[PDB]
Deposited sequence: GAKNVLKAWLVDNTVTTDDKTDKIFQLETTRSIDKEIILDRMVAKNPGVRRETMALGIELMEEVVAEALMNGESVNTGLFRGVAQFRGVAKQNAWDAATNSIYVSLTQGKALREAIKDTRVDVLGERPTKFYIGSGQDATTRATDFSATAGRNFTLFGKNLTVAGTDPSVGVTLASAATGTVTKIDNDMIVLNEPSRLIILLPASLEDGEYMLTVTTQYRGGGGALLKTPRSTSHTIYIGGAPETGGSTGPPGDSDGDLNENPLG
């Protein structure tokens, strides 16, 4: 019933990479809930989701493990316990989440549509968040994020050249200052993510005139993207 579209990318080994499609938030979830069951009042459903989030946040922050159909969560601690004390600069709380029974059951009814390899050797293969060590394209605002790929060097004179973040919620495009691209290699980019960015999903785009391998710069810039979740600055 369900279909996941996947690219073949270099790991070296070949690995599957989910195709860039869509991001959905609470507003779209509420629209789809009302479309599936027109007997539910949107305002009641919106209230219910906020209420449930309050209950779960409070449970996790008061040391309970929480299990829903979608996930299981528990509060965790990050950083070394320096001098048998909590240091707000090195230590932090986070909630570790694992897929729940409803997701494991939905996976059973899902097939993978292999798209093959991308037609051009220009893409974002993988990523890593410095702070959380996550590789699922979740990231931390005001901290470093590494992009691994092919022919990613930010180069050229054209004004569109550079790294951008486009908000899935508002559509607003934030350009990353070129000084904040602290490593600019064809197979790897290290960027500092702006601290002011609101939590949510963004479209990360590398636009460059850098030609694959050696040679002259491309006359017109080319773009490659990947979805990314940015969690607010710690």
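Residues 1-2, 14-20, 244-265 of the deposited sequence have no C-alpha coordinates in the model.
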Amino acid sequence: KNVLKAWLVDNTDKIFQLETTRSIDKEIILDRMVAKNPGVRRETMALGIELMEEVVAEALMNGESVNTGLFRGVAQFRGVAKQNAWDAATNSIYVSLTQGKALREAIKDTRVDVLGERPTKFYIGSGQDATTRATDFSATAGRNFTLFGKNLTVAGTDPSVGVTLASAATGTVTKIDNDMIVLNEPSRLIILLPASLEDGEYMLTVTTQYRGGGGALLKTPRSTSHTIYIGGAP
From here on, numbers count along this sequence of modelled residues.
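For the pair 177-185 and 33-41, the mean B factor over Cα atoms is greater in 33-41.
Taking the PDB entry as given, 114-122 carries the higher mean Cα B factor of the two stretches 114-122 and 96-104. Among 83, 146, 76, 135, the highest C-alpha B-factor recorded in the PDB entry belongs to 83.
In this PDB entry, the Cα temperature factor of residue 19 sits in the middle third of its chain's modelled residues.
In this PDB entry, residue 160 carries a Cα temperature factor that places it within the highest third of its chain's modelled residues.
Annotation for residue 152: C-alpha temperature factor in the middle third relative to the rest of the modelled chain, per the entry.
In the PDB entry, a CA B factor belonging to the highest third of its chain's modelled residues is recorded for residue 90. Sorting the modelled residues of the chain by their CA temperature factor places residue 65 in the lowest third.
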